[PDB]
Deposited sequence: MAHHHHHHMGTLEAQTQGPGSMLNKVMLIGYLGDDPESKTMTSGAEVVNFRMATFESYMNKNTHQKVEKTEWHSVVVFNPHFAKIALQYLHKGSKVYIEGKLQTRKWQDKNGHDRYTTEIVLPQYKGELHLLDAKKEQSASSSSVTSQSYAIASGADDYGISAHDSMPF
């Protein structure tokens, strides 16, 4: 039956979104975000091209966002909230 891997976060960006050009020729947007009830820093990676351009065009340090993604751990360990190529959600709140 089903299987699920879903992270939902509403919080504030720690710096401007940064953009790195991949092996693929694609642009991948990375930023860090804080959630609190002291504060949790989450490392977010945006491959979804549509949400990537939106991060670069509209997000900045201090921006509040809503993020849906997948939890992924890579072996050089680092766990990131990944918005994969055809999935995920990214929405600017408080705009």
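Stretches with no C-alpha position, numbering per deposited sequence from 1:
Comparing the full sequence with the modelled residues, the uncovered ranges come out as 1-19, 57-68, 108-115, 135-169.
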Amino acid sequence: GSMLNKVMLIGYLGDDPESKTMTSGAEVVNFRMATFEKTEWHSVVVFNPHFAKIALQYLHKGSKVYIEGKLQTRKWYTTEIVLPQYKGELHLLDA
From here on, numbers count along this sequence of modelled residues.
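Chain thirds of CA B-factor: placement of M3:
It belongs to the middle third of the chain when residues are ordered by C-alpha B-factor.
Taking only the Cα B-factors deposited for this chain, tell me whether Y77 sits in the lowest, middle or highest third.
As the PDB entry reports it, the C-alpha B-factor of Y77 lands in the middle third of its chain.
Per the entry's values, where does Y58 land by CA temperature factor relative to the rest of its chain, in the lowest, middle or highest third?
It falls in the middle third of the chain.
Quick check on the deposited entry: does the C-alpha B-factor of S24 sit in the lowest, middle or highest third of its chain?
For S24, whose C-alpha B-factor we compare with every modelled residue in the chain, the answer is the lowest third.
Using only modelled residues of the chain, where does the Cα B factor of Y66 rank: lowest third, middle third or highest third?
Lowest third.
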